[PDB]
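Reading through the structure tokens given below for one structure.
Listed below in structure tokens is the structure:
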């Protein structure tokens, strides 16, 4: 039982210095964690904490490996901190909100978790952008909803469009003005293949969430109010700032839509006040401590509500002695969600427990099944049972209200809806009728369908899709520009502006960027292979756009999720464990 071990230095503390523990070369990474929690004697929740190991540019998710396996010795510095650090996350609607993001996951997983928080479906089309208001929580599950279960006092407007700028600063803001001034934005993309710390992003940094791939999948005006609003608002701010130009009569339909959607963003009523129950309800649980617990989807469970108390099971023969939960509803907090034309009959109950409120979302089928349960839960929350005369006098109130069942249910705005070159060339008077004239076609549109057509008309523009990486090319001086564009990749004479070479993506054979020469090489069927080198923008985000767009457009048929992550990393090169 002889050891003769070495000593390691492990940091802590919002700053960077803590303490030193003693381990062998044979020590387990997970064992070093326990030795480092005892060596400080703090009262925290390290559930998310991990180690950093700067010198070799990566951490240790492998909790079990030997310390000699990573090659670590007493030499190189160690950092014990959290994996989730707060970030500023600038939105594409020119607002911002503070959230915690994963520095430990590779960026494509980090952005996916961010969009997952922000109700942004299909996160493969978005990415984080480098530098040139509510805090966070934890969810960790497939997908949950009431509006987006954000239940707190902070509900910021990222789903509703932002008011239009005053025409004062719409001209004072920086504009594109030419190519090679347009290629700067795409020089700030982060590599969505390495973690967030391999990119040099520290604790308080700012990050931008822009749409990266101009190939949008299943734009549903019902499923994604946040994904739609942010996309539309990225498009307008590429029109109002001349990042993508349109024609004189298209700015009119663009301006007419911005007015119509903004006019409707500026505008049932559950205004109400004050023996067993056995049914098959559909239950949705929420762990108070969800850091190590996922939840399944809406589970259909056999619920029993007796005298006050509620238990639920999965079958009647598995009752009553073997429940899944048992709640002291003698507490409080039942809030409803009823959409008679949508058949949503959901009740939220916040059950105060010593460990933490157990959040459960019950959902019934008919108005009559719903009226019985919510009346029982609203009186159980008041102490009384279903044996009160007011319980039947509360069920009456519900069904009486649930009788209506779906048969009958200007201000002269600015000229700031148009780009700056249309307000210096047009007086603010003769485009106002032309906006209102072209507005009559879209006045019959809903907020999401009118937003959708703004993106549909933005998709029709002749230069929709191009990303402009100005990089040198194969046999040419003058270092012309490239541009990406999902289904193509072109070449432009930088100053002339003409399109010299138009290579198609479908004729592209399998070639990838690699070398010491820092130059990309693509093969292109019929052995016509083009090569170019990075001029001042970058060389890996070009290979990320190419493989990225190739990942897109070849997804699942209708329900395009569950994408192969070992394939996305494959389309940006190199495999990892």
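Residue numbers (PDB author numbering): 14 to 145, 173 to 307, 320 to 326, 350 to 484, 499 to 666. C-beta atoms are modelled at their ideal positions from N, C-alpha and C, and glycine is treated no differently.
{"Query": "8 Å contact criterion, which residue 165 and residue 612 should meet: CB distance rounded", "Result": "Within the chain, the sequence of modelled residues goes 145 then 173, so residue 165 has no position in this structure."}
{"Query": "Distance between residue 647 and residue 258 (C-alpha atoms, nearest Å)", "Result": "8 Å"}
{"Query": "Where the alpha helix (DSSP H) containing residue 655 begins and where it ends", "Result": "654-657"}
{"Query": "Sequence-distant residues of its chain with Cβ nearer than 7 Å to residue 598 (five each side left out)", "Result": "612, 613 and 614"}
{"Query": "Which of helix, strand or coil DSSP assigns to residue 611", "Result": "strand"}
{"Query": "Residue 398 to residue 387 span [Cα, whole Å]", "Result": "6 Å"}
{"Query": "Start-to-end residues for the alpha helix (DSSP H) that takes in residue 450", "Result": "442-455"}
{"Query": "Contacts around residue 439, its chain only, beta-carbon distance under 7 Å, and the 5 residues preceding and following it disregarded", "Result": "356, 420, 445 and 448"}
{"Query": "Residue burial classification, residue 248 (beta-carbon count within 10 angstroms, cutoff 16)", "Result": "buried"}
{"Query": "Rounded Cβ spacing between residue 512 and residue 504 (contact assumed at less than 8 Å)", "Result": "6 Å"}
{"Query": "At least 3 beta-carbon pairs within less than 8 Å: the region 355-370 vs the region 548-557", "Result": "no"}
{"Query": "Where residue 386 sits in the DSSP three-state scheme", "Result": "strand"}
{"Query": "Residue from 121, 56, 21 and 116 whose Cα sits closest to the Cα of residue 85", "Result": "21"}
{"Query": "Residues near residue 568 in its chain [Cβ-Cβ closer than 6 Å; skip 5 each side]", "Result": "561 and 624"}
{"Query": "Residue-chain proximity (residue 483, chain D), Cβ-Cβ < 8 Å", "Result": "No chain D is present in this structure, which holds just one protein chain."}
{"Query": "Bridge partners - residue 592, DSSP secondary structure assignment", "Result": "578"}
{"Query": "Where the beta strand (DSSP E) containing residue 489 begins and where it ends", "Result": "The residue list of the chain ends a segment at 484 and starts the next at 499, so residue 489 has no coordinates to report."}
{"Query": "Exposure label - residue 183; buried when at least 16 CB within 10 Å", "Result": "exposed"}
{"Query": "Contact set for residue 125: own chain, Cβ-Cβ below 8 Å, skip 5 residues either direction", "Result": "136 and 137"}
{"Query": "Given residue 602 as reference, the closest of 595, 238, 581 and 630 once Cα atoms are compared", "Result": "630"}
{"Query": "Alpha-carbon to alpha-carbon, residue 437 and residue 104", "Result": "34 Å"}
{"Query": "C-beta contact flag for residue 280 and residue 537 at 8 Å", "Result": "no"}
{"Query": "Proximity of residue 101 and residue 109 at Cβ, strictly below 8 Å", "Result": "yes"}
{"Query": "Touching by the beta-carbon criterion (3+ pairs, under 8 Å), the region 195-206 and the region 285-297", "Result": "no"}
{"Query": "Given residue 435 as reference, the closest of 93, 400 and 381 once Cα atoms are compared", "Result": "400"}
{"Query": "Given 8 Å, three or more beta-carbon pairs between the region 76-95 and the region 227-237", "Result": "no"}
{"Query": "Cα-Cα separation, residue 547 to residue 218", "Result": "20 Å"}
{"Query": "Beta-carbon spacing of residue 36, residue 48 below 8 Å", "Result": "yes"}
{"Query": "Buried versus exposed, by CB contacts within 10 Å (16 or more), residue 489", "Result": "It's not possible to place residue 489 here, given that the chain moves directly from 484 to 499."}
{"Query": "Residue 640 versus residue 596: straight-line alpha-carbon distance, rounded", "Result": "16 Å"}
{"Query": "Limits of the unbroken beta strand (DSSP E) element including residue 411", "Result": "409-414"}
{"Query": "Inter-residue Cα distance where the pair is residue 19 and residue 38", "Result": "8 Å"}
{"Query": "Close Cβ partners of residue 642 (< 8 Å) along its chain, the five nearest in sequence each way excluded", "Result": "255, 575 and 576"}
{"Query": "Selection from 46, 23, 78 and 578 that minimises the alpha carbon distance to residue 609", "Result": "578"}
{"Query": "N-terminal and C-terminal residue of the alpha helix (DSSP H) that residue 464 is part of", "Result": "464-476"}
{"Query": "Separation of residue 187 from residue 57, as counted between CA atoms", "Result": "32 Å"}
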